[PDB]
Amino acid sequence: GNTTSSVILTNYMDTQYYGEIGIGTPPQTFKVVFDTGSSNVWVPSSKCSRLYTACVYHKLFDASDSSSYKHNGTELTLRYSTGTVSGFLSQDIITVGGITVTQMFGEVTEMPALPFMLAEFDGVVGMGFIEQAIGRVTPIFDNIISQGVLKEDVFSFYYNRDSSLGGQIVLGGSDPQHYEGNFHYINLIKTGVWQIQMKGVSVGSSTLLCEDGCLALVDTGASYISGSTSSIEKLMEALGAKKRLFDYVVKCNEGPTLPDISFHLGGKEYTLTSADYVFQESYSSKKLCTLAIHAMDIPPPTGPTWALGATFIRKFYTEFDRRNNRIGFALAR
């Protein structure tokens, strides 16, 4: 059909990128992460007991103030890699930058403080495929596409390096003010998942890893690059990084020395120098700069998989293509 719209997103410290949807008539503004790993939409419920302190610190959806809410009620539990939330389903109209769509979503009734006491976004909007939607709630993008409004059945991510605009999603296309050189499309390995095949991680000069072909979720709703705790440990052993429990660290003076590491995603040799993966908070002899790669064991479901999160999407503009079932990366301007 023809139209494109775009969601500007705010960037919080290169670790949280969230935009804004409005649910209801009148609209109730919510901050959300637009994440390609999940496929359901949820937001905190006014009904959340505020004995969950993530609920007494976030926007809550009040359906009694919405004229257009159509009550449904089926329980829902989203078990994400990092934490879980449960609640029930509701339906109201959600507005995703310009396009308005009736949508089934979750009003979360239970929301752990860890980690959601530290999340600057209030909800999640999944850009995944229906194969992952808990409870087969038709996901907002298959809904927008039914409007017939978009030019192209695609969406693209720009995640800025921060301090200017924080990032941008374009629904319906991709915006060449933000990428240079031209695209490199890798096809999806099955439909249902923004998943692709990866065959080789190389620390410095020589393939230490995934030499026999691994997978990679390309995950916009993840701050880091991650591999399973084995693949990560040998990468980290090699770099010389230590574990301060949730992350690996390095003595900051070494940071600007750490080898370029490269991802050989189907076709090309996508490659991050040590600016790209190290948070250079300083350049001291001793103090510790965290690295932007985490171990994360994504569960059997999809797989154990490497998740290419926001450390990678900020170096290469990601176009997610549903019409031809493939992902394409090209360089960020």
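What we label the rigid core is the largest C-alpha set whose atoms superpose within 1.5 Å from one form to the other. In case it trips you up, residue 1 is the first one in the sequence shown, and so on.
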Practice task
Could you tell me which of the two stretches, 52-60 or 265-273, has its Cα atoms lying farther from the shown structure in 9 other deposited structures of this protein after fitting on the rigid core?
Solution key: 52-60
Practice task
May I ask which stretch, 81-89 or 94-102, sits farther from the shown form in 9 other deposited structures of this protein once every structure is superposed on the core, judging by RMS CA distance?
Solution key: 81-89
Practice task
Please report whether at least a third of the other compared entries leave residue 1 without coordinates.
Solution key: yes
Practice task
Say whether residue 231, which has coordinates in the shown structure, is without coordinates in a third or more of the other compared entries.
Solution key: no
Practice task
Could you tell me how many residues of the deposited sequence sit unmodelled between residue 206 and residue 207 (none, 1 to 3, 4 to 9, 10 or more)?
Solution key: none
